[PDB]
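Here, each number is a calculation from the coordinates, and none is a lab measurement. Here the Cβ is made from the backbone with ideal geometry for all residues, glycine too, and neighbour counts use every protein chain on show.
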Amino acid sequence: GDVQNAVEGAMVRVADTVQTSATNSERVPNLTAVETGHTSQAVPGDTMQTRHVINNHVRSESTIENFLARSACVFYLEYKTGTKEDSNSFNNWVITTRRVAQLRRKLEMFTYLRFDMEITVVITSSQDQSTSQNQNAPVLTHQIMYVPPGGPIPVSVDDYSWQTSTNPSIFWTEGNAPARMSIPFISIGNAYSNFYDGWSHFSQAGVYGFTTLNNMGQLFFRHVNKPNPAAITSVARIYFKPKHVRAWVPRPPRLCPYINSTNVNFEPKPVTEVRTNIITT
Amino acid sequence: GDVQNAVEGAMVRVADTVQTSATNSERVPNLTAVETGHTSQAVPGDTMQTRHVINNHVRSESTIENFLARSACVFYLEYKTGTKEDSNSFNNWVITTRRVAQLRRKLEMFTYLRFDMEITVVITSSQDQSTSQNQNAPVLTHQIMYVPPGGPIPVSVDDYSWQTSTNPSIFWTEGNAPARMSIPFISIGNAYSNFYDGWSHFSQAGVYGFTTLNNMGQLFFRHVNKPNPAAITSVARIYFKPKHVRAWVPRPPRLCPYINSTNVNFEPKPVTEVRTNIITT
Amino acid sequence: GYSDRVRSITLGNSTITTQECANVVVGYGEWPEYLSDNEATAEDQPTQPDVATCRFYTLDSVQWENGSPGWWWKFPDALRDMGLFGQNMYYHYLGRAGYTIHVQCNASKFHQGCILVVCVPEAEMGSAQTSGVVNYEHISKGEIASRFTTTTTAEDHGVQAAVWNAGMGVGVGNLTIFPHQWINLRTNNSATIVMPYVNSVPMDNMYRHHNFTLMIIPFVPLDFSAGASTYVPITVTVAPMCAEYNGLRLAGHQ
Amino acid sequence: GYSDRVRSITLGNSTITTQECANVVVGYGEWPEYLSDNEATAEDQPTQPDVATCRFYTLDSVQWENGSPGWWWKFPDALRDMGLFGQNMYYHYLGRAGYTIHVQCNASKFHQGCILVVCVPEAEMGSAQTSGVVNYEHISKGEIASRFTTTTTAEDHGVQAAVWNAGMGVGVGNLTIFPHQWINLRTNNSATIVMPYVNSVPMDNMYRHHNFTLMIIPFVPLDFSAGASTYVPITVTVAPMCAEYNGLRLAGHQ
Amino acid sequence: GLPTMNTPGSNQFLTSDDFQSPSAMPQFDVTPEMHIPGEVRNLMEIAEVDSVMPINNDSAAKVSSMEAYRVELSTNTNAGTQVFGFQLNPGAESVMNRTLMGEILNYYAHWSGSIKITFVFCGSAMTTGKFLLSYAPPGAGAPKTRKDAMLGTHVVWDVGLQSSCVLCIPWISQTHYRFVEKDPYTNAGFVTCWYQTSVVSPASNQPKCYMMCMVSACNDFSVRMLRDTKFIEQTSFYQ
Amino acid sequence: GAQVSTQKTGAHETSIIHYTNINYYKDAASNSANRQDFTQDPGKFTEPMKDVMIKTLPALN
Amino acid sequence: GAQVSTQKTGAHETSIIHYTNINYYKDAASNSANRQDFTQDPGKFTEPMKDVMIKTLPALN
Ligand SMILES: CCCCCCCCCCCCCCCC(=O)O
Ligand SMILES: CCCCCCCCCCCCCCCC(=O)O
Ligand SMILES: *C(=O)CCCCCCCCCCCCC
Ligand SMILES: *C(=O)CCCCCCCCCCCCC
């Protein structure tokens, strides 16, 4: 099948209930051995006498694509309208999935993941309180610049780096529809790895874990407008949608709450919620 | 091939590793003579016994087009909302590649260059501080006018030249998508020349260097709106994208920092960065 | 028969021999040829003096010394005084030609040293005084070698000839991208580069435009020991190929 | 093309070049190959590490001096520490392999001297003290050259290394019956002997049995004159060929 | 509706754009087409038509008069004497600059092609003479002597019953195109005129007489990079 | 070069509607999400057995 | 007058998707970037030799 050729599906419905009659025999479909590592492929008709039901149900929304391909917020960043002197006049984000709780748990249900991605970004502005907040501020244009691992970081809201002679950038004016890009499978390895039980150094040391593999570069944000008399603050929300997805090695979903965006740390939680008695209604 | 017919490619993958066995012979693939001016076309299999690897890698992004065809900023210009009396009410730019550092180094890796160009221009406005900055300023329209080498320069924000009975102009209102044009291969010579080791005068004199050849004309900028009680400043960023590119004679990339947009001058820099010892880890 | 170390090149009333060459570099894969009816623009009949112009002109040879930083020559300008090529270049607004460049340098099994021999198209050089502009007399002495400097400074409107940046703001170790050979005294006694007409326009003025520069830069210094012949020169002989000229008038400079 | 003086040998992740060889001697006419199903006796599957074992191991090189009498190395024992060959030899009771032996020695037209390079099968050496027995440490320093002596005597259980009797009661001038070459400094800068597995039994223990000894003996002394480079080494690089091992257990010595 | 995505360029007004627009008068029955003689379909058709050059360009006095067009010749003028000289910048040099060809050139920034200067003798029918009509390509400087001029591209015009002789100036250039504006790199050389022998006349004939020069573009001429002319301007609207 | 495909409709009382696709961009990454591939193979997780386990038979014998 | 071409996809585990192009303007300068021509000829730079240099042979003889 070709995950990039969207308009090319496969309709697979759920299994029908075949009619069962009474039995008295040596065959035992519901007596087995869990030790084997095998899951019982029993159907209700092996235990009861069932009728004939035609299941036209399809496992549609549980497809890896339909599950992951809904655009989620991964991070938001903030920056004011200012001069070279103002540190806060621009900002940046090192790209990472592990910053938020919700998409992270979804992706982490799979060890290895290969996908293309749709990035949408909602940049929002607000007037700072000031004697000058009265001010005719013109429409603000914004610049989002991707700096891949190795290129020049912008040190100020106003330096050569923002030229983008080779880095990808998006210039976006306010009031318009949210900015949107598609990204290929950017990794150096044959699949993205949500987990790495290993080290950054051959000597079993340095950085432990997934961090080591997931070097994605960073997004730099600024206003293109010169500052109005009163400051205006903008905050950019970066949205991710995994499209054209393939997934390998399913994992148990995260039980414990996330602590660090850097590492897989947790503090131990109970297996489930407690109940009144082992016999419950 | 036809660099203007975009939707017509050529898929050329990288070379595969052929399996090598052990050898004991008179043929010497890795013994040669640098003096010749020739580069060794050795493959790892001439020195080691290699396995068979199928390289489906392609040299995609290193194509002259993919390398140059990313829209870069070449210059930005500034102008206030004003009257005939105000010199600063309009502005101009003599068109040149050599003004910025980043695109200039990219283009200059080739001696001769022939391309079409996509010009995008991000015009941004800001309110000047004033007792009147309170003011209901209506949407500002802008005029960008190209004056080719020979036509009338606008002496004021308000003169006959801005009629543009024959010059190309773009009128752009704020809030809308950035203005964009395509330009043909505008030169009088069969290719653009990033370098000219020569003179403007037959007598070995006058102007030395590339300046002599690269007469591209200029862009004049103004507000079309009459001035509001408080002034508003606008700054236009001109973006260039070399598309439909062809390149001749590769050069070493610029080592020394650029000094003048007019000439190729430099002050001598070291060949590389220094290290601790000739034996390094 | 035929050792590939031995070569004989004949052009006009000229033959150069060498018994220790290392092949010959045809600039950018292209052998020189005349301007074709498709690519032409000057409508007048070209004069093509063939053997009278296209022959081997030996320019003033320079001495290689242990500490000597390097040399450059500018073409076609170096040939502005070389016989009837020079005259044709003097009486015509436009000229076009390719060239067989032959650099000569012999020493001995006991001598050592290695020079880069390279033909750089459009080698537009920088002013030493970054603030100011350069000028012709510090750009070219016609047939006489302009020297590269080890010293980072020079007289009014002199080029910044500091060798490691090749007089043009780049790494000298990358000059190898241009058509080049090396005379490594162990290996060979000569270099030969056949340069095609490389330019953005079909013909050009022979004086105004220095179409390319011949740079000879010693990457490994000349050396020898205890009483073993001090003087070892480097001689550059060059022959114009497929030379043709358009636009004829009076003797020309201004 | 192809001068027969030039040679390139590649084995595993290893290539040796030489530009002054004198052919290559294949020991007793036979190129190395694996133990066949007819000649086999150990019933277990052999491990054959191919490129990991069969590659060029450069052993500790020795200095050739005017009066230096000679050197020997013992195989496979010299390789007991050379990478994964050594490991395989350490973890297996039985091992089998042939070898490409490449001795290196360069000097100059002005230097003179000639060494015999020979692979002697079963070179069982005599005790210096005829009354007593010899012992391992005086038989082999693994990868380090054991020297031949000009002196007719040695320390307790040392071999009688007196050069003219080759450490084994025979005329050194007759050693030539074994697979050999000569590095005569006038003629060549290297020797290459491809030795087959020569033994009376299909496989053997890699430690107990020194299957053959590499002897490098200077028949014409090293010489040169007035200030012309004193230091001239002899480097032995050897590559195992068709190596296979039987009988695997723990790390082995006793 | 159909998922459209607006690109950069959207809603701009480019002066040179070529788009379809709604008509404000639908189904208008246009006045039927008639013949009319003299259809111009390309400005080069005008540049190809002979204009007369103001070569007698010496003073404001003669430039606001008919003198401007007539070059004065004289009898008993010594042999190598120069009639006139100027560098060939069509559309830039005052001599050719505001002629039909010159004027067309001035709405463009690049030109190319051969030019033809038609020399007409308007002296007495009983009068005679021979002139060297020269064109020197650039690089050497303007021809100072009849010998210098002779070395370049030239016609020796013998005046007689065919009144006029044409000096055809060849496109000889490095580049495929030159600038209309004067530029050191796109220099086009010098056209000069000389007495090859002299103007001779009979007894009661006038001593001084006149020649005149027409100029136009040959079939290889063309122009590029459309621009506004410097030749017309205003401070305010007209009423 | 248009592609016609089938729309997700639903089980009808005892059908086929189509939609059109034209890929506008030069890069497959730019394409719509692969939402219509309802393919599956639980076998690798539910049954990773070397010896095939027949349901009507005893698991161990 | 539409053009159909191939999209950049990627090496698949042991394919062809298309895109559509219609040129809207009267001037070829207005067209998309020529990004899909992966053609090359290093020869002119890596090997500008008059006499062909065969790798297995000695460079000088
Ligand atoms: C303005 C141009 C922006 C270009 C943005 C490039 C963004 C690269 C995104 C990389 C996403 C990596 C997803 C990693 C998933 C994981 O392993 O957790
Ligand atoms: C509003 C109309 C604008 C028209 C703008 C015309 C711009 C001409 C651009 C010329 C680009 C020249 C690139 C030269 C490259 C080089 O040699 O360095
Ligand atoms: C195959 O692609 C040709 C079928 C008809 C195409 C109609 C195209 C619709 C309008 C153009 C879309 C172009 C996107 C670049
Ligand atoms: C060939 O061009 C005809 C194929 C069908 C064309 C569908 C056209 C799509 C809409 C019009 C685009 C017109 C651009 C001026």
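Given charges of +1 on the Cβ of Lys and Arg and -1 on the Cβ of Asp and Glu, with all other atoms neutral, how large is the dipole of chain A about its Cα centre, in debye to the nearest 20? If you can, show how the numbers build up before the last one.
Values: 24 positive and 21 negative charges, 53 e Å.
The calculation lands at about 260 debye.
Consider a paramagnetic label point 7 Å from the Cα of B:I278 along Cα→Cβ; state which residues of segment C:154-180 have an amide N under 19 Å from it.
Label zone hits: C:173.
Take D:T17, project a point 7 Å from its Cα along the Cβ direction, then tell me which residues of segment D:49-92 have their backbone nitrogen under 20 Å from it.
Correct set: D:56-58.
Considering the alpha-carbon set of segment C:1-116 alone, what are its Rg and its Dmax in angstrom?
When restricted to the Cα atoms of segment C:1-116, Rg and Dmax are 17.6, 57 Å.
Given springs between every Cα pair under 10 Å in a Gaussian network model of chain C, which of C:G171, C:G158, C:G113 has the largest fluctuation?
C:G171
Could you size up the charge dipole of chain F around its Cα centre, putting +1 on the beta carbon of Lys and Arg and -1 on that of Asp and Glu, and report it in debye to the nearest 20?
Dipole magnitude for chain F comes out near 80 debye.
Expressed as a whole number of Å, what is the distance separating the alpha-carbon centroids of segment G:27-61 and segment B:170-192?
Using only Cα atoms, the two centres lie 33 Å from each other.
Once a ≥ b ≥ c are taken as the square roots of the eigenvalues of the Cα gyration tensor of chain C, is the result rounded (a/c under 1.5), prolate (a/b larger than b/c) or oblate (a/b not larger than b/c)?
In terms of gyration-tensor shape, oblate.
State which entries of A:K243/A:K269; A:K226/B:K226; E:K62/E:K182; E:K62/E:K116 exceed 28 angstrom in Cα-Cα distance in the structure shown.
Long pairs (Cα-Cα over 28 Å): A:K243/A:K269.
Mind checking which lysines have their Cα closer than 21 Å to the Cα of B:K241? Skip sequence neighbours fewer than 8 apart in that chain.
B:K106, F:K26, G:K26
For peptide B:54-67, compute the average count of partner chain beta-carbon atoms within 10 Å of each residue's beta-carbon.
Mean partner shielding for this stretch: 3.
Which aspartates and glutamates does C:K109 reach when only Cα atoms under 14 Å apart count, and residues fewer than 8 places away in its own chain are ignored?
Cross-link targets: C:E20, C:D223.
With all pairs of different alpha carbon atoms counted, what Kirkwood hydrodynamic radius in Å does chain F show?
Computed over chain F, the radius equals 16.8 Å.
From the residues D:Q104, D:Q129, E:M25, which one has its Cα farthest along the dipole of the protein assembly as shown in the positive direction, the dipole being from +1 and -1 charges on Cβ of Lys/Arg and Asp/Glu about the Cα centre?
E:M25
Where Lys and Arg each count +1 and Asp and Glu each count -1, what net charge lies around B:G217 among other residues with Cβ under 11 Å from its Cβ? Kindly include the intermediate steps, with their values, before the conclusion.
On the way: positive: E:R227; negative: E:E181.
Local net charge: 0.
What does the helix-only formula give at 222 nm for chain E: each DSSP H stretch with n ≥ 4 adding -39500 (n - 2.57), the total divided by the residues, and the result rounded to the nearest 500 deg cm²/dmol? Please list the in-between numbers first.
Details: 5 runs with 24 residues, N = 239.
Value at 222 nm, helices only, nearest 500: -2000 deg cm²/dmol.
Give the distance, in whole Å, between the Cα centre of segment D:123-140 and the Cα centre of segment C:54-120.
Taking the Cα centre of segment C:54-120 as reference, the centre of segment D:123-140 is 72 Å away.
Below 19 Å, Cα to Cα, which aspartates and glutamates can B:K80 reach? Residues fewer than 8 away in the same chain don't count.
B:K80 reaches B:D128, B:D158, B:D159, B:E174.
Distances from D:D156 to the same position in the other copies: list them in nm, one decimal, shortest first, using label points 7 Å from Cα along Cα→Cβ.
9.2
Would any residue of segment E:144-173 have its amide N under 19 Å from a label point 7 Å out along Cα→Cβ of E:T197? List them or say none.
Residues E:146-147, E:150, E:155-166 qualify, since their backbone N sits under 19 Å from the label point.
Below 15 angstrom from the Cβ of A:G45, what's the summed charge of the other residues (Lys, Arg +1; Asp, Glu -1)? If you can, show how the numbers build up before the last one.
Values: positive: A:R27, A:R51, F:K55; negative: A:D16, A:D46.
Residues near A:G45 contribute +1 overall.
Name the longest site-free stretch of chain E, where the excluded sites are GluC sites (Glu not before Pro) in a DSSP loop with no more than 15 other beta-carbon atoms within 10 Å.
Working: sites that count: E:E33, E:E39, E:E233.
In chain E, the maximal stretch lacking such sites is E:40-232.
Within segment C:161-246, which chymotrypsin sites (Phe, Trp or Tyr not before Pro) sit in a loop by DSSP and count at most 15 neighbouring Cβ atoms inside 10 Å?
C:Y231
Can you tell me the convex hull volume per residue for segment A:170-231, based on C-alpha atoms, in Å³ to the nearest whole number?
Hull volume normalised by residue count: 168 Å³.
What does the convex hull of the Cα atoms of chain E come to per residue, in Å³, rounded to a whole number?
Roughly 249 Å³ of hull volume per residue.
In whole Å, largest first, what are the principal axis extents of the Cα atoms in the protein assembly as shown?
148, 108, 62
Using the crude model of +1 on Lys and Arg Cβ and -1 on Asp and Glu Cβ, and no other charge, please compute the dipole size for the protein assembly as shown relative to its Cα centre, in debye to 20.
For the protein assembly as shown, the charge dipole is close to 1860 debye.
Which trypsin sites (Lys or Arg not before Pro) from segment C:70-135 combine a DSSP loop assignment with at most 15 other Cβ atoms within 10 Å?
When the trypsin sites (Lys or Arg not before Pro) of segment C:70-135 are filtered for loop state and at most 15 Cβ neighbours within 10 Å, C:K109 remain.
Averaged over its residues, how many other protein chain Cβ atoms are within 10 Å of peptide B:166-172's Cβ atoms?
Taking the mean over all residues of the peptide, I get 6.
When DSSP assigns beta bridges and you keep just the ones with both residues in segment E:68-199, what percent turn out antiparallel, to the nearest 5?
Details: 25 of 26 bridges.
Counting only bridges with both partners in segment E:68-199, antiparallel ones make up about 95 percent.
Among D:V26, D:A191, D:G12, which residue has its Cα furthest toward the positive end of the charge dipole of chain D, with +1 on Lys/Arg Cβ and -1 on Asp/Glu Cβ?
It is D:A191, whose Cα lies furthest towards the positive end.
Among A:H244, A:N66, A:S125, which residue has its Cα furthest toward the positive end of the charge dipole of chain A, with +1 on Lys/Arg Cβ and -1 on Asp/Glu Cβ?
Looking along the dipole axis, the top candidate is A:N66.
Considering every residue in A:182-189, what mean count of other chain Cβ atoms within 10 Å of its Cβ is obtained?
2
Can you compute the helix-only [θ] at 222 nm over chain C? Use -39500 (n - 2.57) per DSSP H run of at least 4 residues, normalise by all residues, nearest 500 deg cm²/dmol.
-1000 deg cm²/dmol
Express in % the proportion of alpha carbon pairs of chain B at distances exceeding 33 Å.
So the portion of pairs separated by more than 33 Å is 46 percent.
For each of A:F185, C:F85, count neighbouring Cβ atoms within 10 Å of the residue's Cβ, then give the residues from fewest to most.
Going from least to most buried by this count: A:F185, C:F85.
What percent does the relative contact order of chain E come to when contacts are Cα pairs within less than 8 Å and at least six residues apart? All intermediate terms of the calculation are to be shown ahead of the outcome.
Values: 440 pairs, mean separation 75.8, N = 239.
Relative CO of chain E lands at 32 percent.
Within segment B:237-281, list the trypsin sites (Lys or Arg not before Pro) lying in a DSSP loop whose Cβ has at most 16 other Cβ atoms in a 10 Å radius.
B:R275
As a test of the formula, what do you get for chain A when each DSSP H run with n ≥ 4 contributes -39,500 (n - 2.57) and the sum is divided by the residue count, at 222 nm and rounded to the nearest 500 deg cm²/dmol?
For chain A, the value works out to -1000 deg cm²/dmol.
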